[PDB]
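Q: Provided hereafter are the protein sequence and its experimental coordinates.
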Amino acid sequence: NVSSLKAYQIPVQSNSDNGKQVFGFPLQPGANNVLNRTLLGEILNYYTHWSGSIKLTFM
Amino acid sequence: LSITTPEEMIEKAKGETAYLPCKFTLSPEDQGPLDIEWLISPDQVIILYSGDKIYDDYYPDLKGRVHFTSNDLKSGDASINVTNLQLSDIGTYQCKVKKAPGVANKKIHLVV
Amino acid sequence: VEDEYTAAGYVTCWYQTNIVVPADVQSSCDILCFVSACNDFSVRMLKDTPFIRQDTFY
Amino acid sequence: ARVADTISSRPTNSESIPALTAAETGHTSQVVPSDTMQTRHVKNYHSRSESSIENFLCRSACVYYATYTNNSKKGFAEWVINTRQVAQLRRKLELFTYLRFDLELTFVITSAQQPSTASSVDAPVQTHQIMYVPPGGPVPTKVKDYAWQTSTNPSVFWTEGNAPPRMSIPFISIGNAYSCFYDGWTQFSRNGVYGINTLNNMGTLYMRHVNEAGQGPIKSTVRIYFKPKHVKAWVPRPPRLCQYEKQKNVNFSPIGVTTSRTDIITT
Amino acid sequence: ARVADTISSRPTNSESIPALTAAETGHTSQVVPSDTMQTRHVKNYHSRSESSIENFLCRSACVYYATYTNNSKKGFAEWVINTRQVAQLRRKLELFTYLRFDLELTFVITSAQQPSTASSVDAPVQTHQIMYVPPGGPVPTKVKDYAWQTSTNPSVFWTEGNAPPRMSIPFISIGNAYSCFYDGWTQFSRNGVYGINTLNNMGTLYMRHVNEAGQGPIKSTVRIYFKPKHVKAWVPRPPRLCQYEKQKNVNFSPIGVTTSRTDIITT
Amino acid sequence: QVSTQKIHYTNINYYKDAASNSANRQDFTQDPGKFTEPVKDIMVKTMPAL
Amino acid sequence: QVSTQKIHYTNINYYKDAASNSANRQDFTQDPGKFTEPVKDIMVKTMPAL
Amino acid sequence: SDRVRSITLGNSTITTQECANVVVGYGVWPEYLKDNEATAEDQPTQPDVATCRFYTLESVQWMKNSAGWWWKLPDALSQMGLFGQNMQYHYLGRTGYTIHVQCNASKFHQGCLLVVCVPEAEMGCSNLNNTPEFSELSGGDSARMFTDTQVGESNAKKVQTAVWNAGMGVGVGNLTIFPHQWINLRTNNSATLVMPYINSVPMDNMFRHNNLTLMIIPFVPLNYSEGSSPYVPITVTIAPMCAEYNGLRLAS
Amino acid sequence: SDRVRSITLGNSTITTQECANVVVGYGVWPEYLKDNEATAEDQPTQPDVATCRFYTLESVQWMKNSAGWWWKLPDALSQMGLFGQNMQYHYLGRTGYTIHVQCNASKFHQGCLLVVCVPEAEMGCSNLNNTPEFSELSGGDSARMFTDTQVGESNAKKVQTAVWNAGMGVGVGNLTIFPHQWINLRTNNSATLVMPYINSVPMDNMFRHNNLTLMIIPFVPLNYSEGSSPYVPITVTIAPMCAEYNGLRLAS
């Protein structure tokens, strides 16, 4: 899905069993390869230290 | 760059499979390309890892008997599995890792 | 950069209940996810990026 | 310019929900971490100083380097001034659409001896001349010419073994800001090249030796360094992802969004 | 900051004994020589100025020196910045546990000619470039590369025959003080190396020539000099007795407390 | 002429141009409201959005 | 700006940072009481310790 | 008088008939984290009765040919009740200790101990290129002991336990610059120290970093004639003061 | 508006878009133990951030032939983090709960639940002379389920799970006198109750006495046509409010 628009979608289906996982990733906003090329991640890859909190808007 | 134990002694028996570990961590300055060697002195290279592709036909006595173990070599795994140990496998093995600007060694003494 | 001393944990997401759905509706709904900084974000120690290489002049 | 602090909170249970919102309206949410949990009153002493524009852009970077041989005909270097040729600086400029800055040009000139044939060579210290031509002026063709000296174009004379030379250039443009991008042609019939503007022309730079060929050829090399100051930026822009290929246009080859992982839950 | 004086005394005979005490309570005694004998009132004019911290540490010392050949491939010197490699400076730092200082880096660069083969060699003045890379930036591999110039890392350009170059570096750390010692691992499973911290990383230093190989190889040599200023120290520590052996760990070989004498009463 | 640093320091302009001065490095102002909330009707945190 | 030496001398800060100043060399204060007597109950010289 | 003390904390109480004065840190008392110094973004938890009590470690026998012992301080309390359970579920945490060590003999034994509390005690390995492992560096509530002989080179990962170098390559005579007290069987019976939080960061993880070390070294060895009691035990009691935590997670 | 709520506690937050009003106890809010009512002689401990958060139990599938479920309330939280560890080392303890149960279906399913919180729910055994054992009366975070058929006499120690008698020999229609709410898939989605400490003594042990019981009984069964989603789960979340303890001891 990397060379497509499918990389932004999380598939959520009507599951049969309960308590399953949807996704997951570590929170390293300059080191992980999911938060790397975002708009926040291409500002942090000009600096070295960072601080503060992060919002994660879902929809 | 730093290896966990830069020298030890490993004692195994003939016909078994040796497990020579080589693990490391990553200091924040290390940003270059990866490089992993292995040596023997019963100074001949026995395996390589550079440019994401493995080259492993180097020692004639150990032809097709040594392999890497993990699938995640850029996470701190450089262990090799020596299959079918013989009496003539006596010598110090040297795990040379070089991710710039770091370099480390590990002299593994293997006696069966 | 990827360090082990100052790692920041993990973010997961779990089903609480199922996704129920009426008749003649598709099942596989999709979810988007954004990211942003708060009002108290800050940076330091300007360096050069690792994302753009070069080998000649254009 | 300190950052905002954080105020403590109590366990609430009421109708005012700060967490649920709607991102349909194009409004990025302005929540605080004091709304979804219990926090303590933290005195906050960080600073947003190094994230400003005048600390992000006012740093020197190489733009070009050309070599020229003393023992040659037409041995001299011409270079039209533009930012588009290096890539570590160009990506920093295309974050914003309209820029406005002056400039502090600085040159680092080094020399090297070529494999000459003559015996017991010895040369005194050399002299370089860096001529700056505004767009439209008469330009020289050969090195031994009278258009180099007899001109009122602002040049700089430098000899080796000293501090590097430095001149400053103010905001020379016809509009109100340099245009990093120009969607639309330059001819009214809409034919020809696509993104060529006449709003950020600054001129050329002509560099040459001043001495003559004594006994052995000397091949020099000169780097040019920008330094934008007093910078004001406008209308930000998402950063360039694919590799550059040309200096004039913006063309590219397609590539994926990021490097992949094995599975959607793999950490 | 004068020292305390001494007041005269009279021959006493009473119950208040100032000399007998008990060292069990961890309290070093605070007696004066005016309590065990008869002294005179001595005006005392000495000074404790040179025993302060900012007169004990703010002195320049060499940290490293590397050589690099002009006529070579990968001829350049990389060095991660750390105090642990020399021994005359390292012992001065481990007197205290937590330090906090800025830094004044100074380089002394010398050159020497290698035994070349070419005839009638002559080179102009050389140029050196000392690039400073913060921890995480892209580093160069070969000397002829575009990552040297086109970067916003703070480098310094120097030519020979002048004053030595000097740049200043503020307190770059994540904690509140540099940790000279770190008892405990860096991985939460408690495996691997022992005393490796990520609290005093300052970056690397890349040094290379700027000129090209004219006719004869030149082998240079560059020393690096620290100078801590504005220093604040915390939690003192007994001085290191046994010899150092490695730069990362603190390992050693055992040796006695001091050199011996012949008999307990021999003076 | 004399101002504070990041104690004081003294800065004198020498040349009689405007492009000859040093960089300011102390223009500390920001206003993120023209990027986060570029809407017409104002929006409160506590109330629901619709 | 002007202070005494070890007569007076004049010191001007030029750069607009804080890590650019010269070394102080005149922070003359000491307090050895936190190393010699780090105890809770106070201890007099003349009286016996126990 | 001036010889008796009675320190109480929580639901425990340590009393001593014969003891010297108490020595407190570098001159400060362990208080809570002020709001100017904090960096975490959530609210801490303070149990304050469930942790602040005197836990008691194991005892060691003081023989005639003894060498010394050491404990790593936020590791011996890993299994001791509600302190050991709040240390696992959280992520951060600061503490201040109140160390107390007691060893009684009659008016006929002679000897002298040195009780010191060393911050950031890095120890040296046997081989010069390796580093000591976790199982040979500390023990859960069990004292690791020094030796009087240099450890041989054939060991791979073992701590250098030469007592005159105190494990850290430093002269053992200069160890009194740290906060310390002396146990002397002639006039003293119990030593007591109060140690504030000493670290370069305002809060820290507790499973990866042991930021204190209580060392006990006998300078004058134990000696007596025949007919006296031969078994002399030492027993240390530690109580955390003003502890707090942050960052809930799963167990580990 | 009047449909959305957002209750937060500690480091968790439960939000609901469609829910009715909250029902609170018998008219009181769970506060701390006042000094007039106390009887213990020591000082209590109040973690207050380490316990007061929303733990989440297991989920159950609402089939068409379902009967009902029940949980014993200070027993399902025996393994849930710092509440389950402070419950073992102490001896006493009072709590107040904030029960929340959520079950979502579309605009095409029909059905109705009854969510009630019964204090002192003694249940009846299968045989008339025996008493039910512990393993068949409650489960750690697992719902025990009713039946629609009378349990046979051949069992020795099993709970009578006839749903029209609600296990306690009482008419199930009269169960609404306790604090309760209705889940109705037509107009409602989530039910929420706040239960204060209801006991005849001011504090109690927590391993021997389960002083609450959350029952869930579907009156109108789930029904839909073919083509809708057949799997409808229910999930309950409970958070203790204003808890405190006394009497340290060993583990058990």
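A: Okay, I see it. Numbering: from 1, shown residues only, chains lettered A, B, ... in the order given.
Q: contacts only, for residue 48.
A: Went with chain A since none was named. By Cβ atoms under 8 Å, 6 or more residues apart in numbering or on different chains, residue A:48 lies in contact with C:44, C:45, C:46, C:47, E:134, E:135, E:136. Placement of C-beta: from N, CA and C, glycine included.
Q: you looked at the wrong chain, it should be chain H
A: Counted by Cβ under 8 Å, 6+ apart, residue H:48 has contacts H:242, H:243, I:45.
Q: make sure the second one is indeed in a strand.
A: Yes: when DSSP: H, G, I helix; E, B strand; the rest coil is applied, residue H:243 is found to be in a strand.
Q: for the residue nearest the centre of chain C, what are its contacts?
A: What sits nearest the mean C-alpha location of chain C, by Cα atoms, centre = their mean, is residue C:35, with 6.2 Å. Residues in contact with residue C:35 (Cβ under 8 Å, 6+ apart) are A:29, A:35, A:38, A:40, A:54, A:55, A:56, A:57.
Q: so which residue of chain B comes closest to chain A?
A: Proximity of chain B to chain A (Cβ to the nearest Cβ) peaks at residue B:28, 8.7 Å away.
Q: is that residue in a helix, a strand, or coil?
A: In three-state terms, and counting by three-state DSSP, residue B:28 is coil.
Q: is it correct that it is in contact with residue E:198?
A: Yes: counting by Cβ atoms under 8 Å, residue B:28 touches residue E:198, with 6.6 Å between them.
Q: between these two, which contacts overlap?
A: Shared contacts of residue B:28 and residue E:198, counting by Cβ under 8 Å, 6+ apart, come down to residue C:3.
Q: just to revisit the earlier point, which among the contacts of residue C:35 end up buried?
A: A:29, A:35, A:38, A:40, A:54, A:55 (16 or more other Cβ atoms under 10 Å in any protein chain shown).
Q: so where do the helices sit in chain B?
A: Under the criterion DSSP state H, chain B contains no helices.
Q: ranges for the strands of it?
A: B:2-3, B:7-11, B:18-20, B:24-25, B:35-38, B:47-50, B:53-55, B:66-68, B:80-82, B:91-94, B:107-111 (DSSP state E).
Q: I'd like those strands as a markdown table, with mean neighbour count and distance to residue H:161 appended.
A: Shown next, in a markdown table, are those (neighbours: other Cβ atoms under 10 Å in any protein chain shown; distance: least, Cβ to Cβ, whole Å):
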| stretch | mean neighbour count | distance to residue H:161 |
| --- | --- | --- |
| strand B:2-3 | 20 | 25 |
| strand B:7-11 | 13 | 20 |
| strand B:18-20 | 17 | 30 |
| strand B:24-25 | 22 | 28 |
| strand B:35-38 | 20 | 35 |
| strand B:47-50 | 17 | 39 |
| strand B:53-55 | 10 | 44 |
| strand B:66-68 | 16 | 38 |
| strand B:80-82 | 18 | 35 |
| strand B:91-94 | 17 | 28 |
| strand B:107-111 | 16 | 25 |
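Q: mind putting those strands into a markdown table with distance to chain E?
A: Shown next, in a markdown table, are the strands of chain B (distance: least, Cβ to the nearest Cβ, whole Å):
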| stretch | distance to chain E |
| --- | --- |
| strand B:2-3 | 5 |
| strand B:7-11 | 13 |
| strand B:18-20 | 16 |
| strand B:24-25 | 6 |
| strand B:35-38 | 11 |
| strand B:47-50 | 13 |
| strand B:53-55 | 18 |
| strand B:66-68 | 20 |
| strand B:80-82 | 19 |
| strand B:91-94 | 18 |
| strand B:107-111 | 15 |
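Q: between these, which one is closest to chain H.
A: strand B:7-11 (5.3 Å).
Q: and the contacts of residue C:35 near chain C, which?
A: Residues of these in contact with chain C (Cβ under 8 Å from any Cβ of the partner chain): A:29, A:35, A:38, A:40, A:54, A:55, A:56, A:57.
Q: quick one: contacts for the last one?
A: Contact partners of residue A:57, counting by Cβ under 8 Å, 6+ apart, are C:33, C:34, C:35, C:36, D:21, D:23, D:28, D:29.
Q: what's the spacing between it and residue A:42?
A: 18 Å (Cβ to Cβ, to the nearest Å).
Q: ranges for the strands of the stretch 51-200 of chain H?
A: Assigned by DSSP state E, counting those that start in this stretch, the stretch 51-200 of chain H shows strands spanning H:55-61, H:69-72, H:94-102, H:110-118, H:144-145, H:180-184, H:190-195.
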